[PDB]
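Notes follow the structure.
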Amino acid sequence: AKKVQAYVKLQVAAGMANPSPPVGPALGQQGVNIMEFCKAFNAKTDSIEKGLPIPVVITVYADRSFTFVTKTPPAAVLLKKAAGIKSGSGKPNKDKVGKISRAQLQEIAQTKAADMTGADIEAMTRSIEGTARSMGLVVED
Amino acid sequence: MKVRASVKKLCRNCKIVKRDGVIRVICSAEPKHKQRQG
Amino acid sequence: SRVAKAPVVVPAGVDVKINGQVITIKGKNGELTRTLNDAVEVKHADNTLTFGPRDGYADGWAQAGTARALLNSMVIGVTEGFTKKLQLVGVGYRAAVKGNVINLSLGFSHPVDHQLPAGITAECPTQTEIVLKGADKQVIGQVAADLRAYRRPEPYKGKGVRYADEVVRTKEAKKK
RNA sequence: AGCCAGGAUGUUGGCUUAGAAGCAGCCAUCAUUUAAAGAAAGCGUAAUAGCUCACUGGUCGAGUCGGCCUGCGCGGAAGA
């Protein structure tokens with residue numbers, strides 16, 4: 001974006017019960033206090049996308065007011081469930097063995113069709129290929 | 001500091017010059033790193 | 001060696017006497033500035049000057065790039081003047097100057113006084129600036145280096161005699 | 001190398017985690033515009049920033065940078 005306000009990021013682990021960022025001094029400099037966002041907010045994300053982890057970011061306004069907004073669920077989240085195994089190959093910084101076919105890329109290319117409407121699937125199978133070798137995954141070219 | 005005959009490399013933040021025959025080393029950011037002979 | 005192979009240009013309106021003993025120059029900012037001959041000889045047969053070894057002296061070719069620097073400064077000292085750099089910093093310490101004789105108050109029972117060399121003018125235009133004027137870049141550097149003989153500023157408070165050019169800064173509660 | 005003049009747009013990137021706008025890890029490290037540029041080099045901050053830089057332009061100007069190999073020198077160097 002040509003103009004951006006760059007609001008504080010609030011990433012914390014799954015199923016975590018006592019998080020430290022939602023009381024940190026960065027929210028102090030943003031000028032807000034967070035009450036409900038990190039302990040049961042799994043229900044407030046399940047109320048906007050199910051069976052798929054969605055990213056959420058803060059937007060801040062006057063009178064210490066705040067609103068939470070969604071992003072595109074990253075292709076990595078789909079790749080970590082594409083082969084019917086837990087986290088795919090798991091952690092990065094790992095020996096590579098798990099290979100993604102152009103048929104598997106063409107299954108997740110369907111995520112682009114609502115913006116890439118020109119009805120070419122081989123094109124969307126390359127426009128989904130951005131950093132596809134992340135998470136220690138192997139790619140078919 | 002110490003009187004030394006080795007300069008080598010020790011800190012990447014050092015600034016080195018040869019002055020009056022000897023090597024002189026001073027470091028802006030990393031602590032205690034200094035040399036007056038080398 | 002690099003710089004003695006290349007020329008320097010004579011600025012318009014500058015007047016030189018440069019073909020025998022004693023080089024004399026004048027311009028916008030200095031009058032009757034002269035220097036005695038040494039091991040380097042300058043060629044004046046074009047509006048650009050070049051340096052080489054003077055006959056009747058030794059090892060002047062290794063000095064030709066150095067002669068160029070002193071000559072360029074000898075033109076600057078009669079066309080525009082030099083860069084001011086000397087300062088005295090911290091509350092309770094300040095310079096005094098007659099024009100003419102200069103003194104520093106910097107927490108010593110030493111005199112810390114200078115009568116000045118011939119043709120040198122001294123000024124102290126603020127609580128922390130000192131200025132030296134002349135046509136020899138080395139004399140206005142060395143008079144400042146006698147003024148920088150006591151009260152060296154420390155990395156705990158930074159109080160004393162300093163240049164506008166440093167290798168030390170103050171550090172508070174430092175590591176450890 | 002120097003001097004002056006340039007330090008973004010895609011970019012609010014994705015993964016892991018304790019957080020991290022280059023700024024300790026992992027995916028990479030390209031396309032675009034121009035007078036002109038690293039998802040980053042370093043110091044630095046709670047983090048950006050601050051910057052000092054990487055990288056180009058103009059200028060000047062012809063050799064030069066890091067190693068490999070082969071020789072000669074320097075500092076290494078106190079005692080009656």
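We name chains A, B, ... following the order of the structure tokens; residues begin at 1 in each chain, and ligands are numbered from 1 as shown.
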TODO: Skip residue 30 of chain B itself and residues of its chain fewer than 6 positions away, then list as a PyMOL selection string all residues within 9 Å of it, counting only C-alpha atoms (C1' of nucleotides).
DONE: chain B and resi 11+13-14
Open item on the list: I need the residues in segment 11-139 of chain A that are strand (DSSP E or B) according to DSSP; give them as a list in words.
Closed with: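 In segment 11-139 of chain A, DSSP puts these residues in strand (DSSP E or B): residues 56, 57, 58, 59, 60, 66, 67, 68, 69, 70, 99, 100, 138 and 139 of chain A.
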TODO: Just need the residues of chain B within 12 Å of chain C, counting only C-alpha atoms, so spit them out as a PyMOL selection string.
DONE: chain B and resi 14-15+25-32+34
Open item on the list: Only residues of chain D matter here; which ones have an atom within 12 Å of chain C, counting only C-alpha atoms (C1' of nucleotides)? Give them as a PyMOL selection string.
Closed with: chain D and resi 60-62
Same residues, C-alpha atoms (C1' of nucleotides), output as a PDB file, in the first residue's frame:
ATOM      1  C1'   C D  60      37.621  12.129 -12.215  1.00  0.00           C
ATOM      2  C1'   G D  61      40.341   8.377 -14.247  1.00  0.00           C
ATOM      3  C1'   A D  62      43.281   3.320 -15.545  1.00  0.00           C
TER       4        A D  62
END
Open item on the list: Show me, as a list in words, the residues of chain B whose atoms get within 8 Å of chain D, using only C-alpha atoms (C1' of nucleotides) for the distance check.
Closed with: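 Residues of chain B within 8 Å of chain D, counting only C-alpha atoms (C1' of nucleotides): residues 5, 22, 29 and 38 of chain B.
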TODO: Name all residues at most 6 Å from residue 35 of chain B (count only C-alpha atoms (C1' of nucleotides); drop same-chain ones fewer than 2 positions away) and give them as JSON, numbers by chain.
DONE: {"B": [1, 24, 25, 37]}
Just N, CA and C atoms for this one: save the residues we selected as an mmCIF file, in the first residue's frame.
data_model
loop_
_atom_site.group_PDB
_atom_site.id
_atom_site.type_symbol
_atom_site.label_atom_id
_atom_site.label_comp_id
_atom_site.auth_asym_id
_atom_site.auth_seq_id
_atom_site.Cartn_x
_atom_site.Cartn_y
_atom_site.Cartn_z
ATOM 1 N N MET B 1 43.327 -3.656 27.059
ATOM 2 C CA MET B 1 44.063 -3.272 25.854
ATOM 3 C C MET B 1 45.274 -4.144 25.657
ATOM 4 N N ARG B 24 47.173 1.020 15.191
ATOM 5 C CA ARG B 24 46.230 1.588 16.137
ATOM 6 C C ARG B 24 44.842 1.112 15.779
ATOM 7 N N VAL B 25 44.079 0.702 16.785
ATOM 8 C CA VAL B 25 42.726 0.193 16.610
ATOM 9 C C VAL B 25 41.811 0.785 17.659
ATOM 10 N N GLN B 37 49.463 -0.312 20.204
ATOM 11 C CA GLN B 37 50.603 -0.848 19.480
ATOM 12 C C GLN B 37 50.272 -2.197 18.811
#
Open item on the list: Set the distance at 10 Å and use only C-alpha atoms (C1' of nucleotides): which residues neighbour segment 120-137 of chain A once local chain neighbours fewer than 3 positions away are removed? I'd like the list as number ranges by chain.
Closed with: A: 75-76, 79-80, 87-100, 102-113, 116-117, 140-141; D: 13-16, 26-28
TODO: In Å, rounded to a single decimal, give me how far atom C1' of residue 46 of chain D is from atom CA of residue 2 of chain A.
DONE: 26.6 Å
